[PDB]
Amino acid sequence: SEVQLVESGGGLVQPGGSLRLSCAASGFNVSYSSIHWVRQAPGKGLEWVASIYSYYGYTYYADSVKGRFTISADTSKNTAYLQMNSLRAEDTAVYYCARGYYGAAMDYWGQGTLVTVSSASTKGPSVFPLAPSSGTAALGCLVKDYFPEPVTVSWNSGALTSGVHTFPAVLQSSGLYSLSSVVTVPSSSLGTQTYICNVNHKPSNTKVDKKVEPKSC
Amino acid sequence: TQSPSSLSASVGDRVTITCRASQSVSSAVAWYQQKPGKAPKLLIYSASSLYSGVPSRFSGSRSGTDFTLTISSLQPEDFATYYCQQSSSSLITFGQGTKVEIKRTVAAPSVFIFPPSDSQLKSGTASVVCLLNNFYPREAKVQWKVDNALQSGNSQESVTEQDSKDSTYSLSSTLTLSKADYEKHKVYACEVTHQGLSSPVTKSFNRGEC
Amino acid sequence: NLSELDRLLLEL
């Protein structure tokens, strides 16, 4: 039996709200092991959140979450949980579960799950073309005003990957996210080759395909 | 110091990272490697013990209060972010961490400017995008000019992760105005200064033209 | 104490 940790739950929650993450274990017994929650805000370092040692009945918490978060474990379901209450904007992060080893070193990790805390409403992006002009031409799509993360962007249904740069989202002052995806191609191909960006926004269940053409005069 | 430090290195280089988790002598210390979009991987535990399966070029050491991770010879797969962890009797602290990036020859950016689409102008806003493509080093300066007035505060930048193929970065700067404000001005330009550019490059357009 | 519990569990 191979060891692994599968996380469930997560998503969008408003400030002051409550949310529970799950960490289903297999390949080892959670009742004779330690489970730890570690989070990572976008572009930031790792931050320890909580730890549980079911055998001894000890739980430990970071000061930043103390009295708001609760770590627990269901022996029969071989699953650990992180109950997150009184959420704040600064709790926005990817949340990882991990198994403990000597010295609380963490040897096996879950896949991570994104938790977004914000008052902004779920919203699909508007997709606008970044039209090429005049060697090498550049074109793209502006994926504007969507919420929450993430969006996936591909080109020609995955057929075009070489030269593609999809930029990290930027959080605007409106509370909405926005990004651009660009691709460099040969100028000669602009007349012949058709270019479509495929934007997919699971949280709003919206899917948009936009053909990027060289603007007409 | 909430974000990881940066370090530029070449393949074959020796690297020593010092742990800054505000630790003590008692601390049990661990080291991790993290790559973008992936969970961290355990490298070292108990200060100096090599974790099962981890290459021998990784080593950990303790000298008094100072905990250290050394990579004796950097390999292509080793370019990533590294974190130390310090466990006390009731607390775990991760350090700031160091992001090791690939050293490379200087490469000037290809610069492109994109006026707002008619589709966006209909919706009531106007975004002007300036693209800096495939350059090195990361440090670039992108300044916006509208009718010869230098701008600040109405644009946001975004930078890609170092490219796996050619070790270059790409950057976008997006000037955002209302439709009304966009219509008030004629000439839009982004000026790019960069190490691989002997002089600053300006790409510009006039609103309304081919 | 947190830092010493995993050693004890691995011995069981």
# chains A, B, ... in the order shown; residues from 1 in each chain; ligands from 1
>>> residues_around(residues="residue 61 of chain B", least_positions_apart="4", cutoff="10 Å", atoms="only C-alpha atoms", output="number ranges by chain")
B: 18, 29, 44, 46-49, 66-70
>>> write_last_selection(atoms="N, CA and C atoms", output="JSON list (two decimals), in the first residue's frame")
[["chain", "number", "residue", "atom", "x", "y", "z"],
["B", 18, "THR", "N", 21.31, 29.78, 4.63],
["B", 18, "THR", "CA", 21.20, 29.87, 6.08],
["B", 18, "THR", "C", 19.74, 30.02, 6.48],
["B", 29, "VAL", "N", 15.37, 20.87, 13.12],
["B", 29, "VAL", "CA", 15.29, 21.64, 11.88],
["B", 29, "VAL", "C", 15.16, 20.73, 10.66],
["B", 44, "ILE", "N", 16.02, 17.35, 4.13],
["B", 44, "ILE", "CA", 16.80, 17.06, 5.34],
["B", 44, "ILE", "C", 15.87, 17.08, 6.55],
["B", 46, "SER", "N", 16.03, 16.53, 11.16],
["B", 46, "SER", "CA", 16.90, 16.56, 12.34],
["B", 46, "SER", "C", 18.22, 17.27, 12.06],
["B", 47, "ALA", "N", 18.12, 18.45, 11.43],
["B", 47, "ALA", "CA", 19.29, 19.30, 11.15],
["B", 47, "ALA", "C", 20.17, 18.79, 10.01],
["B", 48, "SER", "N", 20.60, 17.53, 10.07],
["B", 48, "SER", "CA", 21.63, 17.03, 9.16],
["B", 48, "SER", "C", 21.38, 15.65, 8.53],
["B", 49, "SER", "N", 20.24, 15.02, 8.80],
["B", 49, "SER", "CA", 19.97, 13.69, 8.26],
["B", 49, "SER", "C", 19.35, 13.79, 6.87],
["B", 66, "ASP", "N", 23.06, 28.54, 14.25],
["B", 66, "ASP", "CA", 22.94, 28.71, 12.80],
["B", 66, "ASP", "C", 22.79, 27.37, 12.09],
["B", 67, "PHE", "N", 21.68, 27.22, 11.37],
["B", 67, "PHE", "CA", 21.38, 26.01, 10.62],
["B", 67, "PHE", "C", 21.54, 26.28, 9.13],
["B", 68, "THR", "N", 22.11, 25.31, 8.42],
["B", 68, "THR", "CA", 22.59, 25.54, 7.07],
["B", 68, "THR", "C", 22.23, 24.37, 6.16],
["B", 69, "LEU", "N", 21.87, 24.69, 4.92],
["B", 69, "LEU", "CA", 21.68, 23.69, 3.87],
["B", 69, "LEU", "C", 22.68, 23.97, 2.76],
["B", 70, "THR", "N", 23.44, 22.95, 2.36],
["B", 70, "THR", "CA", 24.40, 23.09, 1.27],
["B", 70, "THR", "C", 24.07, 22.14, 0.12]]
>>> residues_around(residues="segment 165-167 of chain B", least_positions_apart="6", cutoff="9 Å", atoms="only C-alpha atoms", output="number ranges by chain")
B: 101-104, 134-136
>>> residues_around(residues="residue 1 of chain C", least_positions_apart="5", cutoff="12 Å", atoms="only C-alpha atoms", output="list in words")
residues 53, 56, 58, 59, 60, 103 and 104 of chain A; 26, 27, 28, 87, 88, 89, 90, 91 and 92 of chain B; 6, 7 and 8 of chain C
>>> interface_residues(of="chain C", to="chain B", cutoff="8 Å", atoms="only C-alpha atoms", output="number ranges by chain")
C: 1-4
>>> write_last_selection(atoms="C-alpha atoms", output="tab-separated table (two decimals), in the first residue's frame")
chain	number	residue	atom	x	y	z
C	1	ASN	CA	7.60	18.38	23.24
C	2	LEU	CA	5.86	18.81	19.84
C	3	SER	CA	9.33	18.34	18.34
C	4	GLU	CA	9.89	15.02	20.17
>>> select_by_dssp(residues="segment 6-212 of chain A", states="helix (DSSP H, G or I)", output="number ranges by chain")
A: 30-32, 89-91, 102-104, 156-158, 189-192, 202-204
>>> atom_distance(atom1="atom CA of residue 213 of chain A", atom2="atom CA of residue 190 of chain A")
8.0 Å
>>> atom_distance(atom1="atom CA of residue 40 of chain A", atom2="atom CA of residue 101 of chain A")
20.7 Å
>>> atom_distance(atom1="atom CA of residue 20 of chain A", atom2="atom CA of residue 71 of chain A")
9.7 Å
>>> select_by_dssp(residues="chain A", states="strand (DSSP E or B)", output="PyMOL selection string")
chain A and resi 4-8+11-13+19-26+34-40+46-53+58-61+69-74+79-84+93-101+105-109+113-117+123+126-130+136-147+152-155+160+164-166+170-171+177-186+196-201+206-211
>>> write_last_selection(atoms="C-alpha atoms", output="mmCIF file, in the first residue's frame")
data_model
loop_
_atom_site.group_PDB
_atom_site.id
_atom_site.type_symbol
_atom_site.label_atom_id
_atom_site.label_comp_id
_atom_site.auth_asym_id
_atom_site.auth_seq_id
_atom_site.Cartn_x
_atom_site.Cartn_y
_atom_site.Cartn_z
ATOM 1 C CA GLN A 4 -0.847 9.456 0.155
ATOM 2 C CA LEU A 5 -2.912 12.393 1.340
ATOM 3 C CA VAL A 6 -5.966 13.565 -0.628
ATOM 4 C CA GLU A 7 -7.441 16.966 0.267
ATOM 5 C CA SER A 8 -11.084 17.996 -0.196
ATOM 6 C CA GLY A 11 -13.082 27.645 -2.430
ATOM 7 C CA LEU A 12 -14.634 31.077 -1.861
ATOM 8 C CA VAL A 13 -15.826 32.269 1.557
ATOM 9 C CA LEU A 19 -15.104 26.455 6.011
ATOM 10 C CA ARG A 20 -13.773 22.929 6.607
ATOM 11 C CA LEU A 21 -10.894 21.285 4.754
ATOM 12 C CA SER A 22 -10.435 17.498 4.663
ATOM 13 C CA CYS A 23 -7.282 15.418 4.405
ATOM 14 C CA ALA A 24 -8.009 11.740 3.624
ATOM 15 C CA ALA A 25 -5.063 9.454 4.378
ATOM 16 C CA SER A 26 -4.182 6.063 2.917
ATOM 17 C CA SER A 34 0.869 13.226 13.026
ATOM 18 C CA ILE A 35 -0.925 15.464 10.537
ATOM 19 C CA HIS A 36 0.019 19.091 9.902
ATOM 20 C CA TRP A 37 -1.614 21.951 8.042
ATOM 21 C CA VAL A 38 0.612 24.421 6.225
ATOM 22 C CA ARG A 39 -0.558 27.293 4.033
ATOM 23 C CA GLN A 40 0.982 29.499 1.365
ATOM 24 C CA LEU A 46 5.205 28.615 3.767
ATOM 25 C CA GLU A 47 3.265 29.262 6.974
ATOM 26 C CA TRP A 48 2.507 26.591 9.557
ATOM 27 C CA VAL A 49 -1.105 26.610 10.691
ATOM 28 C CA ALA A 50 -1.751 23.620 12.979
ATOM 29 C CA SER A 51 -0.651 20.123 14.019
ATOM 30 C CA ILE A 52 -2.411 17.095 15.533
ATOM 31 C CA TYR A 53 -1.059 14.016 17.341
ATOM 32 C CA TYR A 58 -2.174 16.946 21.554
ATOM 33 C CA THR A 59 -3.026 19.772 19.164
ATOM 34 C CA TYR A 60 -0.961 22.874 18.414
ATOM 35 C CA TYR A 61 -1.824 26.120 16.607
ATOM 36 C CA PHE A 69 -9.131 27.378 13.512
ATOM 37 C CA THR A 70 -9.537 23.834 14.854
ATOM 38 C CA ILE A 71 -7.583 20.767 13.762
ATOM 39 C CA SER A 72 -9.116 17.316 14.320
ATOM 40 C CA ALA A 73 -9.112 13.699 13.157
ATOM 41 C CA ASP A 74 -11.631 10.913 12.552
ATOM 42 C CA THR A 79 -9.107 11.535 7.800
ATOM 43 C CA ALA A 80 -7.856 14.773 9.358
ATOM 44 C CA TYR A 81 -9.747 18.078 9.220
ATOM 45 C CA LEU A 82 -9.102 21.792 9.543
ATOM 46 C CA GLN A 83 -12.178 23.734 10.643
ATOM 47 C CA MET A 84 -11.631 27.379 9.682
ATOM 48 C CA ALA A 93 -3.900 30.861 0.619
ATOM 49 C CA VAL A 94 -3.271 27.396 -0.780
ATOM 50 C CA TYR A 95 -3.737 24.998 2.146
ATOM 51 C CA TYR A 96 -1.606 21.842 2.385
ATOM 52 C CA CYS A 97 -1.936 18.807 4.655
ATOM 53 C CA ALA A 98 1.196 16.785 5.457
ATOM 54 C CA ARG A 99 2.301 13.717 7.434
ATOM 55 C CA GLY A 100 4.876 14.096 10.196
ATOM 56 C CA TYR A 101 8.235 12.338 10.442
ATOM 57 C CA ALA A 105 9.611 17.004 9.485
ATOM 58 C CA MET A 106 6.904 16.571 6.847
ATOM 59 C CA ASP A 107 7.591 13.674 4.481
ATOM 60 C CA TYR A 108 4.315 13.227 2.554
ATOM 61 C CA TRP A 109 2.127 16.089 1.363
ATOM 62 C CA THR A 113 -6.412 23.400 -2.068
ATOM 63 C CA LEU A 114 -7.115 27.105 -2.646
ATOM 64 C CA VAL A 115 -9.147 29.045 -0.085
ATOM 65 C CA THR A 116 -10.148 32.591 -1.040
ATOM 66 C CA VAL A 117 -11.576 34.954 1.598
ATOM 67 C CA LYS A 123 -17.892 36.410 -11.742
ATOM 68 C CA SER A 126 -14.700 39.325 -20.110
ATOM 69 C CA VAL A 127 -12.218 38.231 -22.781
ATOM 70 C CA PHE A 128 -10.812 40.925 -25.074
ATOM 71 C CA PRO A 129 -8.411 40.416 -27.982
ATOM 72 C CA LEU A 130 -4.884 41.791 -28.008
ATOM 73 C CA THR A 136 7.848 37.966 -35.276
ATOM 74 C CA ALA A 137 4.359 39.183 -34.327
ATOM 75 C CA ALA A 138 2.751 39.140 -30.875
ATOM 76 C CA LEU A 139 -0.930 38.624 -30.029
ATOM 77 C CA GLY A 140 -3.006 37.615 -27.007
ATOM 78 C CA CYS A 141 -6.144 37.833 -24.884
ATOM 79 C CA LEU A 142 -6.950 40.092 -21.967
ATOM 80 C CA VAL A 143 -8.906 38.019 -19.435
ATOM 81 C CA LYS A 144 -10.428 40.796 -17.342
ATOM 82 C CA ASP A 145 -12.523 41.141 -14.178
ATOM 83 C CA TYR A 146 -13.079 37.551 -13.047
ATOM 84 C CA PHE A 147 -13.418 36.127 -9.553
ATOM 85 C CA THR A 152 -7.048 28.302 -17.359
ATOM 86 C CA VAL A 153 -6.057 29.644 -20.770
ATOM 87 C CA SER A 154 -5.038 27.600 -23.792
ATOM 88 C CA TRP A 155 -4.584 28.361 -27.485
ATOM 89 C CA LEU A 160 -0.517 25.882 -29.777
ATOM 90 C CA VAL A 164 2.750 31.009 -25.083
ATOM 91 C CA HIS A 165 3.072 33.095 -21.920
ATOM 92 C CA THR A 166 0.076 33.177 -19.599
ATOM 93 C CA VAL A 170 -3.194 40.525 -10.695
ATOM 94 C CA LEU A 171 -5.695 41.484 -7.989
ATOM 95 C CA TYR A 177 -8.682 39.382 -10.865
ATOM 96 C CA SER A 178 -7.270 40.069 -14.303
ATOM 97 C CA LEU A 179 -4.554 38.579 -16.519
ATOM 98 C CA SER A 180 -3.246 38.443 -20.062
ATOM 99 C CA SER A 181 -2.130 35.475 -22.135
ATOM 100 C CA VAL A 182 0.147 36.194 -25.075
ATOM 101 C CA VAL A 183 1.856 34.231 -27.831
ATOM 102 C CA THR A 184 4.591 35.134 -30.299
ATOM 103 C CA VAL A 185 4.202 33.753 -33.818
ATOM 104 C CA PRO A 186 5.767 34.364 -37.235
ATOM 105 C CA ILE A 196 -8.263 31.316 -30.786
ATOM 106 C CA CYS A 197 -7.766 31.593 -27.024
ATOM 107 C CA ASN A 198 -9.786 29.276 -24.799
ATOM 108 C CA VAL A 199 -10.552 30.748 -21.404
ATOM 109 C CA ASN A 200 -12.115 28.492 -18.794
ATOM 110 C CA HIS A 201 -13.397 29.723 -15.444
ATOM 111 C CA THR A 206 -18.173 30.022 -17.876
ATOM 112 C CA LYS A 207 -16.172 29.069 -20.946
ATOM 113 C CA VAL A 208 -15.181 31.541 -23.666
ATOM 114 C CA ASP A 209 -13.390 31.107 -26.999
ATOM 115 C CA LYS A 210 -12.152 34.339 -28.607
ATOM 116 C CA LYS A 211 -10.654 34.524 -32.091
#
>>> residues_around(residues="residue 113 of chain B", least_positions_apart="3", cutoff="12 Å", atoms="only C-alpha atoms", output="JSON list (two decimals) with N, CA, C and O atoms, in the first residue's frame")
[["chain", "number", "residue", "atom", "x", "y", "z"],
["A", 130, "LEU", "N", -6.06, 40.95, -27.84],
["A", 130, "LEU", "CA", -4.88, 41.79, -28.01],
["A", 130, "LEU", "C", -4.41, 41.57, -29.44],
["A", 130, "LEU", "O", -3.66, 40.63, -29.72],
["A", 131, "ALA", "N", -4.87, 42.43, -30.35],
["A", 131, "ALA", "CA", -4.66, 42.25, -31.79],
["A", 131, "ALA", "C", -3.20, 42.51, -32.19],
["A", 131, "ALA", "O", -2.58, 43.44, -31.67],
["A", 132, "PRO", "N", -2.66, 41.69, -33.10],
["A", 132, "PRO", "CA", -1.31, 41.91, -33.61],
["A", 132, "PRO", "C", -1.25, 43.01, -34.66],
["A", 132, "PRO", "O", -2.25, 43.23, -35.37],
["A", 133, "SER", "N", -0.10, 43.68, -34.75],
["A", 133, "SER", "CA", 0.31, 44.48, -35.91],
["A", 133, "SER", "C", 1.67, 43.98, -36.48],
["A", 133, "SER", "O", 2.15, 42.89, -36.10],
["A", 134, "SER", "N", 2.24, 44.71, -37.46],
["A", 134, "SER", "CA", 3.67, 44.63, -37.78],
["A", 134, "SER", "C", 4.50, 45.81, -37.21],
["A", 134, "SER", "O", 4.04, 46.95, -37.13],
["A", 137, "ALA", "N", 5.51, 38.42, -34.81],
["A", 137, "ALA", "CA", 4.36, 39.18, -34.33],
["A", 137, "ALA", "C", 3.93, 38.66, -32.96],
["A", 137, "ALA", "O", 4.16, 37.50, -32.63],
["A", 138, "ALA", "N", 3.29, 39.52, -32.17],
["A", 138, "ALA", "CA", 2.75, 39.14, -30.88],
["A", 138, "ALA", "C", 1.25, 39.40, -30.84],
["A", 138, "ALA", "O", 0.77, 40.41, -31.34],
["A", 139, "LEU", "N", 0.51, 38.47, -30.25],
["A", 139, "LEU", "CA", -0.93, 38.62, -30.03],
["A", 139, "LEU", "C", -1.32, 37.96, -28.71],
["A", 139, "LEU", "O", -0.53, 37.24, -28.12],
["A", 140, "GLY", "N", -2.55, 38.19, -28.27],
["A", 140, "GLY", "CA", -3.01, 37.61, -27.01],
["A", 140, "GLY", "C", -4.46, 37.87, -26.66],
["A", 140, "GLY", "O", -5.23, 38.37, -27.48],
["A", 182, "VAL", "N", -0.41, 35.75, -23.81],
["A", 182, "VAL", "CA", 0.15, 36.19, -25.07],
["A", 182, "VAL", "C", 0.92, 35.07, -25.75],
["A", 182, "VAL", "O", 1.37, 34.13, -25.10],
["B", 110, "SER", "N", 12.02, 41.91, -26.43],
["B", 110, "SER", "CA", 11.18, 42.37, -27.52],
["B", 110, "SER", "C", 10.01, 43.11, -26.90],
["B", 110, "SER", "O", 9.35, 42.57, -26.00],
["B", 116, "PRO", "N", -6.42, 49.33, -26.62],
["B", 116, "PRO", "CA", -7.65, 48.64, -26.22],
["B", 116, "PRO", "C", -8.51, 48.26, -27.43],
["B", 116, "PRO", "O", -8.57, 48.99, -28.41],
["B", 127, "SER", "N", -8.10, 49.25, -21.49],
["B", 127, "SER", "CA", -6.83, 48.70, -21.01],
["B", 127, "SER", "C", -5.80, 48.75, -22.13],
["B", 127, "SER", "O", -6.05, 48.26, -23.23],
["B", 128, "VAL", "N", -4.65, 49.36, -21.85],
["B", 128, "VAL", "CA", -3.53, 49.39, -22.79],
["B", 128, "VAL", "C", -2.43, 48.50, -22.24],
["B", 128, "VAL", "O", -1.94, 48.73, -21.13],
["B", 129, "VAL", "N", -2.04, 47.49, -23.01],
["B", 129, "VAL", "CA", -1.06, 46.50, -22.56],
["B", 129, "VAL", "C", 0.28, 46.70, -23.25],
["B", 129, "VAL", "O", 0.34, 46.87, -24.47],
["B", 130, "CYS", "N", 1.35, 46.67, -22.46],
["B", 130, "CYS", "CA", 2.71, 46.76, -22.96],
["B", 130, "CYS", "C", 3.44, 45.47, -22.58],
["B", 130, "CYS", "O", 3.52, 45.13, -21.40],
["B", 131, "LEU", "N", 3.93, 44.74, -23.58],
["B", 131, "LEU", "CA", 4.54, 43.42, -23.37],
["B", 131, "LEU", "C", 6.05, 43.46, -23.55],
["B", 131, "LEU", "O", 6.54, 43.95, -24.58],
["B", 132, "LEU", "N", 6.78, 42.97, -22.55],
["B", 132, "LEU", "CA", 8.22, 42.77, -22.65],
["B", 132, "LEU", "C", 8.47, 41.27, -22.71],
["B", 132, "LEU", "O", 8.21, 40.56, -21.75],
["B", 133, "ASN", "N", 9.00, 40.80, -23.84],
["B", 133, "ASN", "CA", 9.09, 39.36, -24.10],
["B", 133, "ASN", "C", 10.51, 38.81, -24.05],
["B", 133, "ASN", "O", 11.42, 39.38, -24.65],
["B", 142, "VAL", "N", 9.49, 49.82, -16.71],
["B", 142, "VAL", "CA", 8.48, 50.14, -17.71],
["B", 142, "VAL", "C", 7.69, 51.36, -17.26],
["B", 142, "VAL", "O", 6.97, 51.29, -16.28],
["B", 144, "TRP", "N", 5.00, 54.56, -18.28],
["B", 144, "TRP", "CA", 3.94, 54.95, -19.21],
["B", 144, "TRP", "C", 3.93, 56.43, -19.43],
["B", 144, "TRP", "O", 4.15, 57.21, -18.51],
["B", 172, "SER", "N", 4.35, 41.86, -18.37],
["B", 172, "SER", "CA", 3.26, 42.67, -18.91],
["B", 172, "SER", "C", 3.02, 43.85, -17.99],
["B", 172, "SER", "O", 3.09, 43.72, -16.77],
["B", 173, "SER", "N", 2.78, 45.01, -18.59],
["B", 173, "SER", "CA", 2.33, 46.19, -17.86],
["B", 173, "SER", "C", 1.02, 46.64, -18.48],
["B", 173, "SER", "O", 0.93, 46.77, -19.70],
["B", 174, "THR", "N", 0.00, 46.84, -17.65],
["B", 174, "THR", "CA", -1.33, 47.18, -18.14],
["B", 174, "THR", "C", -1.78, 48.51, -17.57],
["B", 174, "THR", "O", -2.01, 48.63, -16.37],
["B", 175, "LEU", "N", -1.86, 49.51, -18.44],
["B", 175, "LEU", "CA", -2.42, 50.82, -18.09],
["B", 175, "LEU", "C", -3.94, 50.73, -18.21],
["B", 175, "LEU", "O", -4.45, 50.38, -19.27],
["B", 188, "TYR", "N", -0.32, 57.37, -26.75],
["B", 188, "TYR", "CA", -0.04, 56.43, -25.67],
["B", 188, "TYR", "C", 1.27, 55.69, -25.94],
["B", 188, "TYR", "O", 1.43, 55.09, -27.00],
["B", 189, "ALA", "N", 2.17, 55.71, -24.96],
["B", 189, "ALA", "CA", 3.50, 55.12, -25.13],
["B", 189, "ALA", "C", 3.97, 54.44, -23.84],
["B", 189, "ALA", "O", 3.69, 54.92, -22.74],
["B", 190, "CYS", "N", 4.67, 53.32, -23.99],
["B", 190, "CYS", "CA", 5.40, 52.72, -22.86],
["B", 190, "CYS", "C", 6.89, 52.74, -23.18],
["B", 190, "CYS", "O", 7.30, 52.35, -24.27],
["B", 191, "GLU", "N", 7.68, 53.25, -22.24],
["B", 191, "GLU", "CA", 9.13, 53.35, -22.39],
["B", 191, "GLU", "C", 9.77, 52.26, -21.55],
["B", 191, "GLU", "O", 9.52, 52.17, -20.34],
["B", 192, "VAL", "N", 10.61, 51.45, -22.19],
["B", 192, "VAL", "CA", 11.26, 50.33, -21.52],
["B", 192, "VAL", "C", 12.76, 50.57, -21.44],
["B", 192, "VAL", "O", 13.42, 50.78, -22.46],
["B", 201, "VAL", "N", 13.82, 51.93, -25.11],
["B", 201, "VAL", "CA", 12.96, 51.68, -26.26],
["B", 201, "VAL", "C", 11.54, 52.13, -25.96],
["B", 201, "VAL", "O", 11.00, 51.80, -24.90],
["B", 202, "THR", "N", 10.95, 52.88, -26.88],
["B", 202, "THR", "CA", 9.57, 53.33, -26.74],
["B", 202, "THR", "C", 8.71, 52.73, -27.84],
["B", 202, "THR", "O", 9.03, 52.85, -29.02],
["B", 203, "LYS", "N", 7.62, 52.07, -27.45],
["B", 203, "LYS", "CA", 6.58, 51.68, -28.39],
["B", 203, "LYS", "C", 5.36, 52.53, -28.09],
["B", 203, "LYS", "O", 5.01, 52.73, -26.93],
["B", 204, "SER", "N", 4.73, 53.04, -29.14],
["B", 204, "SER", "CA", 3.61, 53.96, -28.98],
["B", 204, "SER", "C", 2.61, 53.87, -30.13],
["B", 204, "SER", "O", 2.92, 53.35, -31.20],
["B", 205, "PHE", "N", 1.41, 54.37, -29.87],
["B", 205, "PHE", "CA", 0.38, 54.50, -30.90],
["B", 205, "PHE", "C", -0.44, 55.75, -30.63],
["B", 205, "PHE", "O", -0.41, 56.29, -29.52],
["B", 206, "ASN", "N", -1.17, 56.20, -31.65],
["B", 206, "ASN", "CA", -2.12, 57.30, -31.49],
["B", 206, "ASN", "C", -3.52, 56.73, -31.51],
["B", 206, "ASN", "O", -3.81, 55.86, -32.36]]
>>> closest_residue(among="A:173, A:189, A:92, A:33", to="residue 10 of chain C", atoms="only C-alpha atoms")
A:33
>>> decode(residues="chain C", atoms="N, CA and C atoms", output="mmCIF file, in the first residue's frame")
data_model
loop_
_atom_site.group_PDB
_atom_site.id
_atom_site.type_symbol
_atom_site.label_atom_id
_atom_site.label_comp_id
_atom_site.auth_asym_id
_atom_site.auth_seq_id
_atom_site.Cartn_x
_atom_site.Cartn_y
_atom_site.Cartn_z
ATOM 1 N N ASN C 1 8.568 19.499 23.081
ATOM 2 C CA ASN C 1 7.603 18.376 23.242
ATOM 3 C C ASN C 1 6.885 18.015 21.940
ATOM 4 N N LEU C 2 6.332 18.999 21.223
ATOM 5 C CA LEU C 2 5.857 18.806 19.836
ATOM 6 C C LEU C 2 6.971 18.207 18.982
ATOM 7 N N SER C 3 8.178 18.746 19.137
ATOM 8 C CA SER C 3 9.333 18.340 18.337
ATOM 9 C C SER C 3 9.872 16.943 18.658
ATOM 10 N N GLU C 4 9.390 16.330 19.738
ATOM 11 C CA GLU C 4 9.889 15.025 20.169
ATOM 12 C C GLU C 4 8.828 13.898 20.056
ATOM 13 N N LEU C 5 7.585 14.247 19.721
ATOM 14 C CA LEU C 5 6.480 13.273 19.679
ATOM 15 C C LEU C 5 6.551 12.302 18.503
ATOM 16 N N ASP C 6 7.006 12.777 17.345
ATOM 17 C CA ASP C 6 7.086 11.927 16.152
ATOM 18 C C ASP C 6 8.089 10.786 16.320
ATOM 19 N N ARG C 7 9.214 11.059 16.982
ATOM 20 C CA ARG C 7 10.192 10.011 17.295
ATOM 21 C C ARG C 7 9.555 8.898 18.128
ATOM 22 N N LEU C 8 8.758 9.285 19.124
ATOM 23 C CA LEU C 8 8.080 8.328 19.996
ATOM 24 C C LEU C 8 7.055 7.474 19.234
ATOM 25 N N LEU C 9 6.304 8.100 18.324
ATOM 26 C CA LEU C 9 5.313 7.389 17.498
ATOM 27 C C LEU C 9 5.954 6.412 16.508
ATOM 28 N N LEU C 10 7.064 6.818 15.896
ATOM 29 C CA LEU C 10 7.777 5.958 14.941
ATOM 30 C C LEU C 10 8.393 4.725 15.617
ATOM 31 N N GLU C 11 8.688 4.829 16.913
ATOM 32 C CA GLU C 11 9.206 3.697 17.690
ATOM 33 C C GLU C 11 8.104 2.672 18.021
ATOM 34 N N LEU C 12 6.864 3.138 18.174
ATOM 35 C CA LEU C 12 5.710 2.240 18.309
ATOM 36 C C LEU C 12 5.349 1.640 16.948
#
